[PDB]
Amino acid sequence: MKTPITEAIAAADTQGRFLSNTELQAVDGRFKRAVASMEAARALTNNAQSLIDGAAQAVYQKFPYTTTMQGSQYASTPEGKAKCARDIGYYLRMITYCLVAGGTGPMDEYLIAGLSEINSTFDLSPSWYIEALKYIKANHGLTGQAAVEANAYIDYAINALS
């Protein structure tokens, strides 16, 4: 999984060498930034339900047809509404994992890989998830570097969907 730490040792390993000061400084950077990252992760987790609920409604408001259009890929049924809330929660959970790991690894492996194939196969619109992510960014309530951390990973997800 991609993290500043596994990355640092991956570099030393590919070079067949012991870790150097070059890699140690990298890991220290990660340890220091962890303060802001953990703050962001705890906050998003604490307010996970309201963020997911609010994000889902933001999507339905931006795209009203998803609440009425017939089809299993839409949120026009209780099962579809549940699938959607589920997905939004997955995205939020992944961002907290990224903050915890200090890298995109968690999202890269559990969500981004195969993402395009999935959305295409099940006729799910990337624009839906982008709107949910934009709502989370606008309303997570974080400030300072904690907000910088959260937004970096939220925007990473948005970019992966664009």
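Start at 1 with the first residue shown and count on from there.
> Could you check the entry and say whether 7-15 or 149-157 has the higher mean CA B-factor?
For C-alpha atoms only, the mean B-factor is higher in 7-15.
> Please compare 127-135 with 22-30 and name the stretch with the higher mean C-alpha B-factor in the deposited structure.
The entry gives the higher C-alpha B-factor average to 22-30.
> Tell me which of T96, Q70, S50, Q57 tops the list for C-alpha B factor in the record.
It is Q70.
> Report the third (lowest, middle or highest) to which the CA temperature factor of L111 belongs, ranking only the modelled residues of the same chain.
Answer is lowest: the recorded C-alpha B-factor places it there.
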